[PDB]
Structure formats: C-alpha cells, structure tokens
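Encoded as structure tokens, the following chain is the form deposited in one PDB entry, with no partner shown.
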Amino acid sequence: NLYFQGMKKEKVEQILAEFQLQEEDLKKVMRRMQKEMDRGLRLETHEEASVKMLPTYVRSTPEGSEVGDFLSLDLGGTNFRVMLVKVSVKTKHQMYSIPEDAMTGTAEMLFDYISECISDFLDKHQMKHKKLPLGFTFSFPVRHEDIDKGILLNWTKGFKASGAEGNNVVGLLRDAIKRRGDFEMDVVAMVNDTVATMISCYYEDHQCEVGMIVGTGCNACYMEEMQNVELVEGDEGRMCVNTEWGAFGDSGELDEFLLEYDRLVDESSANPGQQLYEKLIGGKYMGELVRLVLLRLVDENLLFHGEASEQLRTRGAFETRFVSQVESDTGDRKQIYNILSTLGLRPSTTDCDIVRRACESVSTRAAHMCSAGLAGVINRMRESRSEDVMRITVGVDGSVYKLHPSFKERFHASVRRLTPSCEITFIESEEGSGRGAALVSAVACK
C-alpha cells in the first residue's frame, strides 16, 4: 500500500523537520558564537566564557624552520599515532589502538601506554637511541603557558583518565617517558589538532590561518591579532587561538535549538552538560543521534513495524560511519539494507528511505551548525583585519568532513552564505595533525 507508505513518510517528515535550521537561525548561532569568542579573548570574561579561545603560543613568524628528523605524537582519538618526519617526508608512521583501560583509567596508565607505543615505533625503525625533537598533537583543551607547557583543562570526547586534569600535559608525557627509561625525547611543542592541521596546511599554503576538525570532535583554531589576545603579553603579530568551540552552548547559548535527541545524547555521554555544540556535530555523537531518531520513529510505529532490535537498542550501535554509508546509497537501497540487516532489522524499502532521511536530517544539521561556527570565526577575522574582502584558507581534517558524502558540500554552501565578502579556500589536510606537530617543532627548534 503506497498511500499508507506515503502517509508514514509524511509523518516522519514532520518529526524530522525539528532538525531544520533557517538561515536566520544560523545567523543567530553565528552571532552568539562571535559574542562568546569575544568573551573568551577578554581577561574580564575569559573565566566565564564557554568558548575559551585559548592562546596556543603558535605565532606568526618569519619563513623557515630547522631541518632533519622530528617525531610527532598524536593523541585525541582512540588511536594514538606516532610519526617520523624528515624536514618534508613522512618517513615513517605507526598507529596504535588505545586500550579501553588507558583512556578511562589513570593518566599514568594512559601515558605509560603512549610511552610504550613510542618505544615500539623507535624499535620498528631502529632509532631509539637518537634523541629527537618531539611535537605532541594533543586534541583536548589546554591552558598554555608556552608552546611546550600547558595544563589540561578537562578531557572531552569520552576521555576520563584520572590525574590529568589540571596538570602539565607535557610533564605527564615526560614523566611517563622517564618512568620507562628506554628512550629520550625533547618535547618542544604541544599543539591542538586544529592547530597542527592549520600548520600542516599553512606549510603548503601561507594563506591558511584557520584549522578546523570535524572528526570525533569538532573544533577550530585561527590566527588572532596579538592585540586581541588579552591573555598574552604583546600586541605585535598574530597568535593561533584554539577556540574550543565544542563547549559553545555549555552556558545555555544553544538551548532553543537543542532537541530531545540532543538531551539524550548529552545525558548518556562521559561529559554531561559539556561540549554541547560539539555534540551536535562530532562523529562521536552523530550516529547516536541518528539511532535515537530511529528509536523515536520506531516508537511512533513509523519504522521497522514498531519493533527495534537488540542492536538498534544498543548504545553506539548506529555508527557514524553508517550515517555516511547510508547517505552514500546510490538509490538501490542496498547499502542501507545491509547496515540495517546487520543491525538485526528486517527493513522494507520504505524503512530504508526513512533511515536515509533521518541520517540526512542529523548530518545536515551538523553541517549547518558547524557552518555558523566557522562563519563566526572568518567574519571575526575579516573585521579584525583591514579587510573589504578577506581571502583565507581553512585547513580541515576529521572523518566527518572527509568521509561523509555530503556534509562537506552542505557545510561549504552554508559557510559561503554566511560569509559574503569572504573568499574561503578549503584544504583537506593529509597527515595534518601528525605532520603539523613536527613542523611546529621544527619552527620552535629554530
């Protein structure tokens, strides 16, 4: 019965319409983000600011860098990456899966693991004896005192290792290295992944002064005028600021836009009440948002005969990669069918179409919300600079931006609508977070 199949779809659409954000909604978000950014930069309001605008101590500096071998560490997904880079060739690269116990255990365990992975890598390439300059991409909010010293403000993205928050991260790393005592490293720089991504792209294209990650988490950094970074002495040149925009909304700034699914995701997360804007966008949460929408549709007898399988009712079962796979479906529904069948469902073609619409609704909202953030930053920059038309390059990494079949296109379109009088070039970084840490280390070394 097509009429009834059709009636189901119309009811689904009414439910999914909740995810829509009009252009004026996005402008509001953008303005509110810019407001929060202003607040993070100012001494008077930094402590209260949800968007921390953390100085990175990465500065505009004359051309050039030290040459040779640099080790780069990259922590901030569940995979830890070690990279040898010769200044530039990524001579060698190894990725290591972080055990469950290390991400939610003690900082000692986490950093012991990291140190072990480093010895493994140094062994695979017979260079454990060589004392190397090391750049550390550490993808969490850090309050820096310098390029090589900064305290972890709080874990995000489900990290929970005790004894890390409030401590110098470079010290934690150094301590773990010393405890193992089988190699030595000169940790010269610690940067955020947004920062590393920007640096890696900047190397290729000097117009790159913004980095953005849309991966497990979502964040951005940009080159701010020193005169605007009240938290650091000096008015000359530029310094990269790590926005930590994922925490936008943590003070209520997004309340009118948060849906029931968002509340649910937030409440089941490792950091309830935190990173709310990130929870609208990041790959850690996207598949779960879809899962909750699907459960709602099942509850309304709109999907899967009103029955959800064990798998569909399993936390994290609807993987963000499935959202990407569903929206990649060519129209034969074959990809969608296979995902849902593996989730223990017996989907009809209508079921498949509805799941497609759910995915599109969540991912479009993610794209649009993300666009308001980036537009806020770029518009801010254009204003801070003398600029009628600002031509700028944004370096981007992260599986959501890179792998989702239509996120990038929706995101770009929306950003462009919100940034007239800007000309934004987007570059997808290759090795960005790893390569960027080595590059910053080479510059920090000179």
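By rigid core we mean the largest C-alpha set that fits within 1.5 Å across both forms. Residue numbers run from 1 along the displayed sequence.
We do not show the form deposited in another entry, though everything after this point is about it.
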Displaced residue between the shown form and the other one, judged on C-alpha after the rigid core is fitted, out of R385, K402, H46, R416 (threshold 2 Å or more): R385
Relative Cα spacing, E387 and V229, in the other form - shift of 3 Å or more: farther
Relative Cα spacing, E387 and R42, in the other form - shift of 3 Å or more: farther
